[PDB]
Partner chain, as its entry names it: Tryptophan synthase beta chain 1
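Okay, so here's just one chain, in structure tokens, the form deposited without its partner chain.
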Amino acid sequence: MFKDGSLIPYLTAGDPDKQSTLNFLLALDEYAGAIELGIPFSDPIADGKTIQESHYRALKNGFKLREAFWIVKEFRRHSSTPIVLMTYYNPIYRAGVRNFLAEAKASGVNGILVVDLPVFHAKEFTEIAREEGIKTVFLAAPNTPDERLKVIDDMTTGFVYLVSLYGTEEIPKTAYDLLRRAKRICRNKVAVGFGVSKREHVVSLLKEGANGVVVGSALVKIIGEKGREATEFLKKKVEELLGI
């Protein structure tokens, strides 16, 4: 869904408020190949500490599901940068899969990633996303075996998202191994979320085959640190990571 060598910002919707999220997106668009907008959930057990706290902040400050669409809709007035909505299944399941996907599409969302999509529902889910015109983004971690990478690649219409809960401040070998295994199996492009925080992390991951590098934690840390005034500091971090 994005150009090779793309940096992909990840932000939690409504952290600290939907208006600020929109501001952050507009300020980082010029550096983004695509953007991941995360829907906050009460139990983000698949996320790292930093991003879990951004979920807590957003909910505490009163974030509401459809405010995420507001953000995408307003963003679309100024940009056509691909947007992937990242969420836990619970919200979608409760609101109605097709209803949510249709509403997502209508707002400008291009793809969707369901962090904990029950394998039991994967089939029907992908079929519904296809019908609603939304591309799919599936996740895989270091403990994902080659056989499953293949199944994941065959269902993916957007791009494969490789993650690493490991942390760092070096990228773990187990994370590089996941990438190395994925590029050998995936026909889809792949993005990596290995918690980069330094220029060398980006240069290296791109050199090792990542079509796109996502930047979430580095940005979110600054947001829970500077609140609405995070913007300018975010631009500098993304610039640092881009060697500019």
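Positions refer to the first chain, counted from 1.
Below, we turn to the form deposited with its partner chain bound, even though it does not appear here.
S.K.: Quick one: from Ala141, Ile128, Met155, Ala106, grab the residue that has a heavy atom within 4.5 Å of its partner chain in the entry with it bound.
M.R.: Contact check passes for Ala141.
S.K.: Considering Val72, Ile171, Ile134, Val115, which brings a non-hydrogen atom within 4.5 Å of its partner chain in the entry with it bound?
M.R.: Selected residue: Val115.
S.K.: Would you classify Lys64 as touching its partner chain in the entry with it bound, given a 4.5 Å non-hydrogen atom cut-off?
M.R.: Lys64: contacts its partner chain in the entry with it bound.
S.K.: Any of the heavy atoms of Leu165 lying within 4.5 Å of its partner chain in the entry with it bound?
M.R.: Residue-level check for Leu165: yes, a contact with its partner chain.
S.K.: So in the entry with it bound, is its partner chain close enough to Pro44 to count as touching (4.5 Å, heavy atoms)?
M.R.: Heavy-atom contact with its partner chain at 4.5 Å: present for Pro44.
S.K.: Should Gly48 be classed as touching its partner chain in the entry with it bound when contacts are defined as heavy atoms within 4.5 Å?
M.R.: Within the cut-off, so yes.
S.K.: Would you point out which of 30-38, 193-201, 214-222, 52-60 contains residues with a non-hydrogen atom within 4.5 Å of its partner chain in the entry with it bound?
M.R.: That would be stretch 52-60.
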